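A short worksheet on the structure shown next.
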Amino acid sequence: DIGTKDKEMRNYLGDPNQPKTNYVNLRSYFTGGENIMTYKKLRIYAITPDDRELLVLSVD
Amino acid sequence: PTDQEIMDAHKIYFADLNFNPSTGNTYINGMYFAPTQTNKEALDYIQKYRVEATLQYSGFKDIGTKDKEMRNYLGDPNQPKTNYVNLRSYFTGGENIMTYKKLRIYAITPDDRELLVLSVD
Amino acid sequence: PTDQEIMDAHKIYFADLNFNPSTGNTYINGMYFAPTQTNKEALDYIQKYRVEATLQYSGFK
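What follows is the structure in structure tokens.
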């Protein structure tokens with residue numbers, strides 16, 4: 817578990833024309849500077865302001 | 756923070772080294788203390804990091820007490836800022852601070868009591 | 756050269772390192788063997804240098 821951090825609101829896909837959207841940059845989480853490892857497992861929980869969390873992405 | 760909550764905040768570090776590609780020695784420039792999920796309260800409680808280290812010529816010495824620096828972890832512009840102890844600003848005579856030889860870094864609480872938080876003996 | 760002149764020609768060396776400024780580990784790239792006033796016969800006499808070392812992953816081989 818690498819922690820809880822706010823979102824970032826970047827342009828979609830990096831396209832300067834697309835609107836800005838929820839961006840979750842995993843380089844700022846509590847990795848020890850390590851790399852976050854594609855096709856292996858991954859889980860991202862969206863945390864509502866009521867402090868209840870939902871599972872919104874799984875890459876198991 | 757207790758005196759064990761402080762010695763645990765300083766458990767994961769990363770030496771910022773410097774390579775001299777002739778006598779390939781890798782002298783030390785400073786230490787980061789990694790930010791973890793449970794140590795922000797105890798890494799902010801501390802400054803001044805007294806250090807004693809072995810310099811290249813005129814070896815194991817005490818090189819003084821100086822505040823911390825709060826640099827980005829690992830130099831990554833995305834990681835949070837953390838306690839940085841840059842040994843280039845201590846009272847070295849402009850000498851190099853000498854890897855695998857001995858080194859000791861004492862964290863100095865605002866109550867002026869010091870704890871040993873890193874040993875590279 | 757004897758087996759003692761040969762082991763003495765190789766007493767002064769110099770690792771040619773390679774620094775990686777993240778996990779500042781300095782891996783090895785090769786070894787020089789220093790030329791001295793009395794070891795040109797023993798150094799010219801030898802080749803082939805069998806080597807066994809500890810690689811990063813999958814170590815001492």
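If you read the protein sequences in the order shown, they are chains F, E and L.
Residues 817 to 876 in the deposited numbering are what the first sequence spells out, letter by letter.
Residues 756 to 876 in the deposited numbering are what the second sequence spells out, letter by letter.
Residues 756 to 816 in the deposited numbering are what the third sequence spells out, letter by letter.
All C-beta atoms in this analysis are idealised placements derived from N, C-alpha and C, irrespective of residue type, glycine included.
**OP:** Anything in chain C within Cβ reach of residue 770 of chain L, meaning under 8 Å, just list it in chain order.
**Re:** Looking at the structure shown, chain C is missing, and the protein chains on hand are F, E and L.
**OP:** Classify residue 863 of chain F as helix, strand or coil using the three-state DSSP reduction.
**Re:** Reading the first sequence from its first residue, position 47 is the one you call residue 863 of chain F. Looking at residue 863 of chain F - three-state DSSP - the assignment turns out to be strand.
**OP:** Give a yes or no on whether the minimum CB-CB distance between residue 833 of chain E and chain F is below 7 Å.
**Re:** Translated into positions along the second sequence, residue 833 of chain E becomes position 78. True, the Cβ-Cβ gap to chain F drops below 7 Å.
Original post:
In chain F, which residues lie less than 8 Å from residue 828 of chain E when you measure between Cβ atoms?
Top reply: Within the second sequence, the letter at position 73 stands for residue 828 of chain E. Per Cβ cutoff of 8 Å: 849.
Original post:
If we ignore side chains and look at the alpha-carbon of each, how far apart do residue 809 of chain E and residue 811 of chain L end up?
Top reply: Start at 1 with the first residue of the second sequence, and residue 809 of chain E comes out as number 54. Start at 1 with the first residue of the third sequence, and residue 811 of chain L comes out as number 56. Going by the C-alpha atoms only, they are around 29 Å apart.
Subject >> For residue 783 of chain E, the three-state DSSP class (helix, strand or coil) >> reply: Within the second sequence, the letter at position 28 stands for residue 783 of chain E. DSSP places residue 783 of chain E in strand when its eight states are reduced to three.
**OP:** Just the chain L side, please: which residues come within less than 8 Å of residue 774 of chain E by C-beta, in chain order?
**Re:** Start at 1 with the first residue of the second sequence, and residue 774 of chain E comes out as number 19. Residues of chain L passing the Cβ test: 772, 774, 776, 779, 781.
Subject >> Secondary structure of residue 920 of chain F, DSSP reduced to three states >> reply: No statement about residue 920 of chain F is possible, as the shown extent of chain F runs from 817 to 876 and does not include it.
**OP:** Starting from residue 802 of chain E, follow its DSSP beta bridges and name the residues at the other end.
**Re:** The count along the second sequence starts at 1 and reaches residue 802 of chain E at position 47. Paired residue(s): E:863.
**OP:** Take residue 864 of chain E and list the residues in its own chain whose beta-carbon comes closer than 8 Å to its own, dropping the five residues that flank it on each side.
**Re:** In the second sequence, the residue the question calls residue 864 of chain E occupies position 109. The answer, listed in chain order, is 761, 800, 801, 870.
**OP:** Pair every Cβ in the segment 822-839 of chain E with every Cβ in the segment 779-796 of chain E, then say whether three or more of these pairs are closer than 8 Å.
**Re:** yes
Subject >> chain E residues whose Cβ lies nearer than 9 Å to that of residue 859 of chain F >> reply: The count along the first sequence starts at 1 and reaches residue 859 of chain F at position 43. Here the premise fails: no neighbours, minimum Cβ distance about 17 Å.
Original post:
Under the rule that 16 or more other beta-carbon atoms within 10 Å means buried, what is residue 806 of chain L, buried or exposed?
Top reply: Taking the third sequence and counting its residues from 1, the one referred to as residue 806 of chain L is at position 51. Classification for residue 806 of chain L: exposed.
Original post:
Who pairs with residue 773 of chain E in a beta bridge, going by DSSP?
Top reply: Here the question's residue 773 of chain E lines up with position 18 in the second sequence. DSSP, once it has assigned bridges, lists E:782 as partnering residue 773 of chain E.
Subject >> residue 873 of chain F versus residue 834 of chain E: straight-line alpha-carbon distance, rounded >> reply: Here residue 873 of chain F corresponds to residue number 57 of the first sequence, with the count starting at 1. Here residue 834 of chain E corresponds to residue number 79 of the second sequence, with the count starting at 1. If you take the alpha carbons of residue 873 of chain F and residue 834 of chain E, they lie about 23 Å apart.
Subject >> Element boundaries [beta strand (DSSP E), containing residue 818 of chain F] >> reply: On the first sequence, position 2 is the one that residue 818 of chain F refers to. Note, residue 818 of chain F: premise wrong, no beta strand (DSSP E); not H, not E.
Subject >> Identity of the residues DSSP links to residue 836 of chain F by a beta bridge >> reply: Here residue 836 of chain F refers to the residue found at position 20 when the first sequence is read from its first residue. DSSP, once it has assigned bridges, lists F:827 as partnering residue 836 of chain F.
Original post:
Is it the case that the Cβ atoms of residue 847 of chain E and residue 783 of chain E are separated by a distance below 7 Å?
Top reply: On the second sequence, residue 847 of chain E is found 92 positions in, with the first residue counted as 1. On the second sequence, residue 783 of chain E is found 28 positions in, with the first residue counted as 1. No, Cβ-Cβ distance for residue 847 of chain E and residue 783 of chain E is not below 7 Å.
**OP:** Express the C-alpha separation of residue 818 of chain E and residue 840 of chain E in angstroms, rounding to a whole number.
**Re:** In the second sequence, counting from the first residue as 1, residue 840 of chain E sits at position 85. In the second sequence, counting from the first residue as 1, residue 818 of chain E sits at position 63. Roughly 12 Å separates the two Cα atoms.
Subject >> Simplified DSSP state of residue 764 of chain E, which is helix, strand or coil >> reply: By 1-based counting over the second sequence, the position of residue 764 of chain E is 9. Residue 764 of chain E falls in the helix class under three-state DSSP.
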